[PDB]
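# Observations on the three-dimensional arrangement
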Amino acid sequence: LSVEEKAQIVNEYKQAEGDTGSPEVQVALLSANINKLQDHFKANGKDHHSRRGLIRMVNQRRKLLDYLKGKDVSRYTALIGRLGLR
Amino acid sequence: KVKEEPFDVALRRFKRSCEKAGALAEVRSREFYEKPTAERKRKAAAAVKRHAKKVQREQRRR
Amino acid sequence: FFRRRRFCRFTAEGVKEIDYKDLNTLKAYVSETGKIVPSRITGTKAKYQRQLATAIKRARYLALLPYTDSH
Amino acid sequence: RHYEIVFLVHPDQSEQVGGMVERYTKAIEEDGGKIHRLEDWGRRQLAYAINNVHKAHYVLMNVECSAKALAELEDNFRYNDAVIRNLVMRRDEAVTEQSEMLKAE
Amino acid sequence: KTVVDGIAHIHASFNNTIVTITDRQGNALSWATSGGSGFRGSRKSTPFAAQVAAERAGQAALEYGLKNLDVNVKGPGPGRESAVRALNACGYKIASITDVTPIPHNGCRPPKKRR
RNA sequence: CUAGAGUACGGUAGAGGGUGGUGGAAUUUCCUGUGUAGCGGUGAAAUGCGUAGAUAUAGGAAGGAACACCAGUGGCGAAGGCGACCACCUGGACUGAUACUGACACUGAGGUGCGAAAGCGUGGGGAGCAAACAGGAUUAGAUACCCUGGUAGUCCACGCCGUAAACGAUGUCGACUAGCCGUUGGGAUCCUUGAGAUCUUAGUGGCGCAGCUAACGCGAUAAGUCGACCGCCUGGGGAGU
Ligand SMILES: [Mg+2]
Ligand SMILES: [Mg+2]
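Right, let's walk through the structure included here.

About the criteria used
- Residues numbered from 1 in each chain as written, not as in the entry; some residues may be left out.
- Chains lettered and ligands numbered in written order.
- Part of a larger assembly, values for the part shown.
- Heavy atoms only, no water.
- Residues with missing side-chain atoms left out of burial classes, pairs and counts.
- Helix = DSSP H or I, 4+ residues; strand = E, 2+ residues; numbered from the N terminus.
- Buried < 20%, exposed > 50% of the residue type's maximum accessible area, 1.4 Å probe, protein only.
- Polar contact = N/O pair within 3.5 Å; in protein donor to acceptor, adjacent residues only side chain to side chain.
- Contact = heavy atoms within 4.5 Å.
- Nonpolar A, V, L, I, M, F, W, Y, C, P; charged D, E, K, R; others polar.
- Pairing = 2+ DSSP bridges.
- Axes fitted to C-alpha atoms, helices over the stretch in contact; angles between N-to-C directions.
- Core = buried A, V, L, I, M, F, W, Y, C linked by side-chain atoms within 4.5 Å.
- Near = heavy atom within 4 Å.

### Concerning the environment of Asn11 of chain A
All names here are of chain A. The residue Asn11 is located in helix α1 (residues 4–12) in this model. Its relative accessible area of 53% is what places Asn11 among the exposed residues. For the pair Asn11 and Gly81, spaced 70 residues apart in the sequence, the C-alpha separation amounts to 19 Å. A polar contact is formed between the side chain of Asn11 and the backbone oxygen of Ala7, at a distance of 2.5 Å.

In structure tokens, the structure reads:
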């Protein structure tokens with residue numbers, strides 16, 4: 001993922017902060033990066049050592065959602081529907 | 001390559017220049033194929049014979 | 001200490017990114033037959049020895065340096 | 001970006017190579033890529049035989065183009081008989097001029 | 001027939017040694033082998049027998065002249081340097097001596113190890 | 001709340017993957033010249049190859065796979081594994097500064113994946129090497145070792161199989177405990193010329209005190225002192241049947 005494509009996302013899903021630590025910043029950065037790789041793995045089929053890196057990012061994303069659900073519900077469904085998951 | 005002036009000088013300038021270049025021990029290791037485990041024994045035994053030589057000489061360097 | 005100064009042939013100067021163009025440098029590091037020297041003879045640091053081996057293999061490809069005494 | 005295309009031509013085409021420079025670099029300017037050096041090292045002797053010749057004519061060139069003009073010169077060198085070897089490179093930096101032909105004379 | 005400044009080729013295996021006198025064109029003038037001198041066995045591989053066959057090639061070479069020789073030594077076996085000292089014994093000006101040795105960078109794989 | 005954990009920012013190092021392309025040395029087959037009696041092999045020989053012109057030697061063509069020297073107790077990868085050069089996509093680690101989130105962590109029965117090599121299926125491709133096999137020799141005997149040949153295979157695409165002395169014969173994670181000599185990479189401080197200096201993290205090696213151990217031996221990369229979860233052992237054969 002590029003540098004300005006990171007800066008496009010942090011500007012968008014900022015929690016009126018200027019700050020990159022909140023889960024709505026972190027979940028957004030991972031989800032844009034999984035969608036980019038899906039055509040790398042339709043050309044490269046036998047790329048197994050890079051398949052291993054993608055499953056790290058998927059499992060990291062389901063851990064931050066349950067932390068988000070384990071605190072609030074209003075912040076949760078305002079983020080699930082804004083990305084279209086589950 | 002050795003050019004030329006007596007002849008015995010250019011012989012010893014050729015016997016030595018071949019050995020100081022090589023290509024005589026390398027030919028001798030082309031006549032039987034070593035499986036790569038047996039080439040990991042040269043890599044194992046020669047590393048022991050170098051690090052032990054740096055310490056056994058220190059006993060002479062006492 | 002000739003093996004000590006040649007370590008400083010790349011580290012004392014700011015010549016960190018060596019090129020395959022300075023043949024006057026690279027001919028100091030190639031033996032009379034054509035094969036490449038070790039790094040316990042020059043004594044160069046192993047960061048640059050790896051970097052030195054690429055500039056040989058590229059200059060060899062462009063026919064700037066031979067391989068053997070045959071051709 | 002920031003390529004360092006080096007290619008050598010046939011010794012019998014070293015007369016014609018002056019038009020061969022701009023014939024390639026005009027298409028790069030169509031892409032939108034400026035050129036930061038263009039050196040001609042001249043006629044030198046090889047270290048060995050490449051299709052049974054011994055002279056050549058080295059052409060040094062540093063180009064900063066996008067992905068289309070790289071696809072141009074990748075193909076044009078393959079479809080020629082003047083050019084006998086090439087080498088495309090990549091550095092992640094810019095280019096200053098006048099490297100070594102002063103020092104090579 | 002008259003030729004000068006010939007080239008001497010020396011091929012030295014572990015069991016036999018073959019010496020050939022040629023020209024710059026790569027054409028045969030005189031060949032001589034260690035087996036043709038009548039050794040045929042354990043005596044065949046000795047560096048002494050690489051002197052008998054060396055001078056015998058150097059005697060049918062004076063049919064054509066060849067006052068100058070250029071030596072290419074090729075092979076791992078013994079008699080690799082003993083054959084050169086048996087060349088100017090016949091009275092030949094040896095100009096330069098050159099190693100030629102086929103060394104593959106990777107090459108085909110060799111046969112298996114003996115037991 | 002920020003000490004665990006994760007993000008944003010500079011910055012290095014690497015045979016970490018996948019898709020194409022291009023080299024040089026050597027081997028073999030073929031063509032052509034010169035040239036003429038053996039070559040090859042071995043404790044020694046023989047089978048074999050040779051004037052129907054071999055080996056040698058020079059010129060040319062085609063084709064296949066491996067990638068000298070660098071190369072190292074050296075690197076990278078979760079493990080198996082990974083060495084020609086370039087482009088092409090692509091994963092993670094290190095190191096520094098700085099802001100943010102504020103415990104978001106650990107392990108994991110079942111379940112899901114990636115699995116050397118030999119082998120199996122359909123299609124390619126056939127340089128060398130080489131089980132099965134054939135001949136010679138050795139041999140009371142020799143299916144064997146040694147010699148001359150030689151097929152599946154090894155190579156590529158797609159799919160399968162799932163085991164190895166799959167080894168550090170040592171499950172993952174966290175915290176404390178004398179030292180000294182090396183080495184990869186990275187910041188420091190420092191008089192500055194250093195063949196510099198000392199300190200600090202992340203690896204990787206050689207000795208060693210306490211301590212433990214049946215002994216051998218490990219010893220900040222524990223088999224030392226302690227925690228959290230899991231797997232597994234119960235005399236030898238019978239039998240991992
Ligand atoms: Mg293993
Ligand atoms: Mg076990």
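### Quick notes on the interface of chain B and chain E
Listed per partner, the contact involves 17 residues of chain B and 21 residues of chain E. Listing elements by their share of the side of chain B that touches chain E, those giving two or more residues are α1 (7–21) and α2 (25–28) of chain B. No other element matches the five residues that α1 of chain B contributes to the side of chain B that touches chain E. Its residues placed into classes, the side of chain B that touches chain E shows 10 nonpolar, no polar and seven charged.

### Observations concerning the sheet that holds strand β1 (residues 6–9) of chain D
Residue and element names in this part refer to chain D. Spatial ordering of the open sheet is given by β2-β3-β1-β4, a layout of four strands whose pairing is antiparallel. Sheet topology places β2 (35–42) and β4 (83–87) at the edges, where each strand pairs with a single neighbour. Between one strand and the next, the sheet's axes are offset by a mean angle of 15°, whatever the strand orientation. As defined by bridge partners, β1 adjoins β4 across four bridges and the pair is classed as antiparallel. By the bridge assignment for β4, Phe7 is matched with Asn86.

### Points about the nonpolar core
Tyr20 and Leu52 of chain C together with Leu46 and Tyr58 of chain D are the most contacted members of the largest nonpolar core, which totals 27 residues. Breaking this core down by element, the ones donating at least two residues are α3 (23–26) and α4 (46–61) of chain C together with β1 and β3 (57–63) of chain D. If you tally residues by element for this core, the top one is α4 of chain C, at five residues. The next biggest cluster of nonpolar side chains, apart from the first, holds 24 residues, and it includes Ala32, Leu69, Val71 and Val84 of chain E.

### Topic: the protein's contact with RNA strand F
Around RNA strand F lies a shell of 82 residues, among which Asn44 of chain A, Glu26 of chain B, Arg58 of chain C, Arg90 of chain D together with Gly26 of chain E are the nearest. At the protein interface, 80% of the atoms of RNA strand F within 4 Å belong to sugar or phosphate. Within the contact set of RNA strand F, a sugar or linking oxygen lies 2.5 Å away from a side-chain nitrogen or oxygen of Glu26 of chain B. Taking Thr33 of chain E, its side chain carries an N or O atom lying 3.0 Å from a phosphate oxygen of RNA strand F. Mapped onto the surface near RNA strand F, the elements with two or more residues apiece are α2 (23–37) and α4 (51–69) of chain A, α3 (36–51) of chain B, α4 of chain C together with β3 (28–33) of chain E. Per element, the largest residue contribution to the surface near RNA strand F is seven residues, and it comes from α4 of chain C. Its residues assigned to classes, the surface near RNA strand F shows 24 nonpolar, 28 polar and 30 charged.

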